[PDB]
Amino acid sequence: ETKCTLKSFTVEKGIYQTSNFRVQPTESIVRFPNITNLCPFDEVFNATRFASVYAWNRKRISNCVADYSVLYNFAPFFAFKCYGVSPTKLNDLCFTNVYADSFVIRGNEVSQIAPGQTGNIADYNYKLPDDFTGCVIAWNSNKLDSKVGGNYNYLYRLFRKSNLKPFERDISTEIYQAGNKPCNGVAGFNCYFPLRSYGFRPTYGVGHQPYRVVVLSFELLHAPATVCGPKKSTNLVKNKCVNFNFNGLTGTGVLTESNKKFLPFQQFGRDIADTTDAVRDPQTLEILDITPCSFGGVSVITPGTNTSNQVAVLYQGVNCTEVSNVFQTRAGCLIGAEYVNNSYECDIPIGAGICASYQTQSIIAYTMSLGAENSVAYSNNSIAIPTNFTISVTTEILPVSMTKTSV
Amino acid sequence: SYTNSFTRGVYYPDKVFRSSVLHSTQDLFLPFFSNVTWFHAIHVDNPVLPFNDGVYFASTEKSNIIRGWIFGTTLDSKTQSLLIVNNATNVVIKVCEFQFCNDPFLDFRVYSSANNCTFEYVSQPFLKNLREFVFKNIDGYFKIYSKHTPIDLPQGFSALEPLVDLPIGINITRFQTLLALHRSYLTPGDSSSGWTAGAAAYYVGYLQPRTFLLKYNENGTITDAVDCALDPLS
Amino acid sequence: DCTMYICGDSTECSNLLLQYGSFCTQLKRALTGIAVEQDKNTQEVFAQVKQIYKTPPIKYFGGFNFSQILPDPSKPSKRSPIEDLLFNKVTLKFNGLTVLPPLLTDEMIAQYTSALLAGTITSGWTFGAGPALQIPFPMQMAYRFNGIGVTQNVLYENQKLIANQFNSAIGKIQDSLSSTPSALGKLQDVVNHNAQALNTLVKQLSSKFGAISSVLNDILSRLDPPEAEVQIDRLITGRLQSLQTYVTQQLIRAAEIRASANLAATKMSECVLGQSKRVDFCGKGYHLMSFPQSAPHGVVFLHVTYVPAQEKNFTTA
Amino acid sequence: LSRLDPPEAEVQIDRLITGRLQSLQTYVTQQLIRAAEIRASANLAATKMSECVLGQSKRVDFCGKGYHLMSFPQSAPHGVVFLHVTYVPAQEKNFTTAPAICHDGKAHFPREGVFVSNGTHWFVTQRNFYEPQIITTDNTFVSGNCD
Amino acid sequence: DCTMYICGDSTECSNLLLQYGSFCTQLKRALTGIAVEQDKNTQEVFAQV
Ligand SMILES: *[C@@H]1O[C@H](CO)[C@@H](O)[C@H](O)[C@H]1NC(C)=O
Ligand SMILES: *[C@@H]1O[C@H](CO)[C@@H](O)[C@H](O)[C@H]1NC(C)=O
Ligand SMILES: *[C@@H]1O[C@H](CO)[C@@H](O)[C@H](O)[C@H]1NC(C)=O
Ligand SMILES: *[C@@H]1O[C@H](CO)[C@@H](O)[C@H](O)[C@H]1NC(C)=O
Ligand SMILES: *[C@@H]1O[C@H](CO)[C@@H](O)[C@H](O)[C@H]1NC(C)=O
Ligand SMILES: *[C@@H]1O[C@H](CO)[C@@H](O)[C@H](O)[C@H]1NC(C)=O
Ligand SMILES: *[C@@H]1O[C@H](CO)[C@@H](O)[C@H](O)[C@H]1NC(C)=O
Ligand SMILES: *[C@@H]1O[C@H](CO)[C@@H](O)[C@H](O)[C@H]1NC(C)=O
Ligand SMILES: *[C@@H]1O[C@H](CO)[C@@H](O)[C@H](O)[C@H]1NC(C)=O
Ligand SMILES: *[C@@H]1O[C@H](CO)[C@@H](O)[C@H](O)[C@H]1NC(C)=O
Ligand SMILES: *[C@@H]1O[C@H](CO)[C@@H](O)[C@H](O)[C@H]1NC(C)=O
């Protein structure tokens with residue numbers, strides 16, 4: 001690695017920085033807030049009495065967590081056709097409003113509840129938009145909406161001047177002016193009642209029995225979304241740096257408890273450097289400080305391929321209690337060298353007064369010596385007078401000019 | 001009347017925590033040492049109070065003489081007007097499409113004739129008795145700050161804690177106070193119902209976009225704030 | 001860290017960073033050269049002596065008092081009261097920014113300072129030009145007085161007065177240093193500049209630099225692979241332009257520190273290790289001697305100056 | 001300029017020019033810093049040449065460690081090597097020293113050197129070479145009594 | 001002046017410059033330090049007496 005960093009083959013004697021030691025996270029948490037306003041889906045699907053096809057009952061679903069996975073308590077659906085969306089991706093996309101339109105219809109008329117299709121129901125009673133992005137569910141309701149004599153309470157419109165528009169309702173009961181003869185509120189020739197009734201009976205087959213059909217249409221106006229589906233996992237891992245996603249604050253670090261008492265309205269904390277330092281647990285009220293785990297730099301203290309190949313590693317600025325003689329210094333900690341207790345001349349500097357060299361054998365680590373020891377006898381009646389001279393030569397090399405270059 | 005709000009009108013700018021540091025933010029704050037309107041002698045006219053940048057509602061009401069507030073567009077027919085009515089143990093926050101009178105009083109339950117409300121938002125009941133409130137509208141969120149501190153406005157320092165947020169976007173340009181007393185006057189037109197009660201004063205002070213430098217202590221409570229376009233030292 | 005400062009825990013950002021060029025191996029090559037240079041400036045002034053000298057046990061140099069400059073054996077850290085006062089006045093791994101500790105700690109610099117003090121007190125100036133020669137301190141003071149032109153008789157006769165004046169000056173220098181809190185301004189300015197440049201880099205990371213957000217985990221989760229790239233490219237450009245100027249300012253400050261350290265080493269060699277004939281190079285006035293004192297990021301020279309006073313009018317020919 | 005068409009190659013050419021200019025600006029800045037360093041080093045070298053080769057200096061470690069005598073310059077492809085001749089004392093010896101000498105009621109101080117003693121004897125010598133000489137009037141001067 | 005030199009008269013342009021952060025502060029902090037240093041060099045040579 002030192003040769004790769006230096007881009008050479010014969011590295012000299014010294015300490016060289018090659019890479020950085022990074023602890024990878026093991027697991028990953030996603031602590032988003034506890035679940036609440038399950039939208040009123042059960043009261044629309046498990047209602048007590050459904051409305052007519054022309055008077056299709058509408059509820060607006062807004063400001064509520066939409067668990068679309070409580071659909072699968074109601075039995076095999078003759079149709080769960082989700083148009084424009086997938087039956088699996090619906091519990092993910094947030095939406096502004098979810099309009100639920102329920103109505104009872106025959107078994108042969110359940111197919112008419114879809115975009116584009118025409119017939120006798122979705123022309124004058126309940127027409128769906130062409131570009132309708134939602135989900136139509138339909139299931140039989142014979143056991144509940146069938147009377148022996150006949151349940152003539154469910155009505156449906158058969159005649160109308162012109163077809164309806166997307167999501168339009170008509171509750172008028174005026175006689176159908178079929179011919180030119182202007183009707184006078186009486187029924188008869190060319191003047192028929194528009195609303196007829198269903199003869200729901202238990203003896204009917206499977207195509208004419210009562211079928212309850214609901215339609216959930218999702219709206220995504222520019223308005224902010226208020227109905228968002230559910231989300232959660234559960235680990236408050238400590239003493240280990242993991243990936244946290246606490247109510248949108250995402251990061252990597254050790255989540256350990258603390259005594260940083262926050263105010264009630266606020267969710268996360270920040271130091272001076274604008275970096276995050278603590279965060280609320282969206283479930284139990286307790287403040288945990290975010291602190292990075294072991295992180296620093298590796299340095300190879302190599303004596304050079306000229307002498308040998310035994311090298312030593314130095315992790316700088318990090319305690320190596322976490323991830324070959326281990327010894328902790330004040331500038332880091334070095335593995336591969338032994339701490340010798342005789343101070344010699346510094347050869348390869350490390351930091352905080354520790355140096356390495358080759359004893360000859362293995363890399364050593366010793367406190368650098370500032371020099372020898374000599375204490376002169378200071379006396380008020382003693383002096384040291386020289387006798388001999390020495391003519392020595394001292395070399396002092398100094399650069400003068402540089403390489404004149406142009407671009 | 002006209003008085004000065006020396007060192008009041010500060011709140012928490014964002015839901016972030018700090019520990020003994022300084023944070024400078026360009027927000028919509030009340031300018032220090034401004035000229036606010038002390039409406040203490042107006043015992044039910046002039047309800048024309050704008051809502052351009054918000055309102056700083058300060059009061060020293062004795063006990064439950066206020067009944068709530070109303071924030072609307074123009075107080076006309078089919079106009080979104082939010083009414084926050086504070087009862088003894090619950091508050092009601094509904095927006096109505098109704099034409100409100102000059103001074104809708106509460107002692108009554110139905111304010112106008114043709115009321116038509118459409119929202120549903122219930123929360124914890126809100127109502128030396130200083131009750132500081134700061135109202136604003138940004139990002140489609142009708143945002144309020146409330147504080148209950150013992151005392152006019154003193155020279156102390158007290159931040160305004162964000163309590164309740166509610167999503168709505170409208171052209172809020174209305175503001176009026178709803179009082180409470182003994183003599184029942186069902187007449188909406190007659191704006192004269194003065195009763196012998198405690199001292200009533202609804203402070204009105206408009207906010208301004210300014211840069212504020214707040215000091216967060218070790219516990220995360222704003223104890224000092226400086227403005228940056230008044231005094232040269234600031 | 002060129003990889004972690006620009007690209008936070010993102011492998012695609014790391015793959016995109018290698019296409020910019022060899023800036024990652026040059027910005028870290030210049031900063032380590034700065035560090036190795038800083039590891040040398042602290043050896044040309046304090047490590048001028050070869051053998052460490054010590055103070056004799058008898059604390060009688062002839063009448064003078066050096067208790068405030070000699071190390072105190074009571075305090076576990078072997079330093080002088082002046083060094084202890086100077087150390088208590090200098091007020092001193094975030095996103096890939098580490099602070100490397102110096103080689104010579106505050107204990108080895110103190111030992112070098114004590115050795116230099118012992119050499120300049122007991123031996124005089126011979127400890128910096130060859131073998132150390134013992135000599136009484138009054139005779140060394142007579143030497144230094146004769147070196148500037150003043151005869152040795154004024155010192156050999158009025159020795160008690162000179163000793164009392166030196167003791168009073170040594171005692172008053174502590175109050176003088178404690179009076180003005182901005183006396184150690186040159187040592188605090190460099191520390192403040194360093195902590196400000198180290199803190200201004202984290203403050204600029206929150207800037208979007210043109211992108212929609214500032215964190216990589218948001219751009220790599222809202223936007224799709226090939227429309228996040230021009231954003232990642234702009235973010236890398238902005239984070240590299242903020243680091244290039246930082247490295248340039250660090251190089252300029254390192255050159256300034258190197259020039260200051262060369263000047264300090266020259267002053268230590270020409271004022272502490274001997275007497276100089278320069279006017280205001282070893283103090284304002286007539287220089288006699290100089291005592292060094294260590295400090296967390298510098299050196300304080302105490303220059304002893306002989307100043308004439310109480311002049312009188314006379315006739316000359 | 002051969003794969004892409006004129007106006008979609010421009011933002012690419014613009015980005016390439018920006019990248020190649022940002023890599024040259026920092027190079028020029030580093031060159032200026034290194035040139036300032038070289039200029040300071042050359043000024044120091046010229047000062048040393050003028051104060052050590054072209055004469056003798058009284059500075060301690062400006063013309064070599066010790067007592068400077070002379071300096072010889074030598075050229076080098078990108079610098080100058082100064083060979084400083086240093087006189088270093090050695091083979092020192094212990095002796096007895098005294099400030100002055102009281103004789104005839106007068107305190108006499110040495111002119112140059114110090115009063116050395118080696119046992120029941122006193123001589124005068126310089127402070128750099130042991131040369132015992134008898135205490136005479138030529139190398140001594142009276143400056144009062146020995147009180 | 002970063003605000004007049006880069007963004008002249010243009011409030012919209014200044015609001016983009018603020019998103020670059022502390023660059024403008026570290027520029028004027030150094031340029032005024034240069035002036036303070038130049039106001040000191042004229043006092044170490046001429047103001048010795
Ligand atoms: C979340 O639900 C768990 C289980 O009921 C409960 O113990 C915890 O207190 C809840 N947290 C909140 C937000 O109250
Ligand atoms: C390797 O050792 C040889 C022989 O002692 C010496 O000539 C040479 O300079 C050394 N090279 C390195 C890179 O240390
Ligand atoms: C490393 O951790 C151990 C155990 O907490 C501690 O005793 C030691 O002082 C630490 N070393 C340093 C200086 O980081
Ligand atoms: C070196 O000294 C340390 C600290 O006193 C001691 O713990 C250790 O045993 C010594 N090792 C050797 C090899 O003497
Ligand atoms: C040296 O000093 C000591 C302590 O004052 C004294 O007793 C001794 O006589 C002195 N010797 C001389 C005169 O050199
Ligand atoms: C407030 O403004 C009124 C006019 O609007 C003025 O008369 C009054 O003096 C001002 N009060 C202060 C001191 O701000
Ligand atoms: C309103 O206040 C009255 C009087 O205290 C109380 O009886 C009633 O229950 C309250 N209603 C609400 C909405 O809390
Ligand atoms: C030397 O200074 C110390 C500390 O101020 C003082 O305690 C002591 O009396 C002084 N001694 C002499 C001889 O002046
Ligand atoms: C010397 O005489 C001059 C002229 O009378 C006078 O100004 C000056 O102060 C005197 N100085 C001294 C030292 O007496
Ligand atoms: C002088 O005497 C002292 C004390 O015995 C001794 O330590 C020193 O080495 C001697 N020096 C010489 C030059 O003989
Ligand atoms: C000291 O040296 C001198 C000169 O050689 C000599 O005359 C004297 O006798 C010596 N003293 C002793 C006692 O050796």
# chains A, B, ... in the order shown; residues from 1 in each chain; ligands from 1
$ residues_around --residues "stretch 179-184 of chain B" --least-positions-apart "6" --cutoff "7 Å" --atoms "only C-alpha atoms" --output "NGL selection string"
:B and (65-67 or 105-107 or 195 or 197)
$ residues_near_ligand --ligand "ligand 7" --cutoff "10 Å" --atoms "only C-alpha atoms and all ligand atoms" --output "NGL selection string"
:B and (85-92 or 122 or 125)
$ residues_near_ligand --ligand "ligand 11" --cutoff "10 Å" --atoms "only C-alpha atoms and all ligand atoms" --output "ChimeraX atom specification"
/D:95,116-123,131-134
$ residues_near_ligand --ligand "ligand 1" --cutoff "6 Å" --atoms "only C-alpha atoms and all ligand atoms" --output "JSON list (two decimals) with C-alpha atoms, in the first residue's frame"
[["chain", "number", "residue", "atom", "x", "y", "z"],
["A", 34, "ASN", "CA", -45.55, 5.60, 16.53],
["A", 283, "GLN", "CA", -40.89, 6.65, 20.50],
["A", 284, "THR", "CA", -39.49, 6.92, 24.06]]
$ closest_residue --among "A:128, A:211, A:399, A:379" --to "residue C:56" --atoms "only C-alpha atoms"
A:379
$ decode --residues "stretch 96-107 of chain D" --atoms "C-alpha atoms" --output "tab-separated table (two decimals), in the first residue's frame"
chain	number	residue	atom	x	y	z
D	96	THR	CA	41.49	29.54	40.34
D	97	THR	CA	40.12	32.98	39.50
D	98	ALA	CA	39.83	36.28	41.37
D	99	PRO	CA	38.26	39.64	40.47
D	100	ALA	CA	41.16	41.92	41.45
D	101	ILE	CA	44.37	42.01	43.49
D	102	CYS	CA	44.91	44.16	46.59
D	103	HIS	CA	48.49	45.47	46.77
D	104	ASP	CA	49.89	48.56	48.50
D	105	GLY	CA	46.36	49.32	49.67
D	106	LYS	CA	45.14	49.60	46.06
D	107	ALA	CA	42.81	47.25	44.18
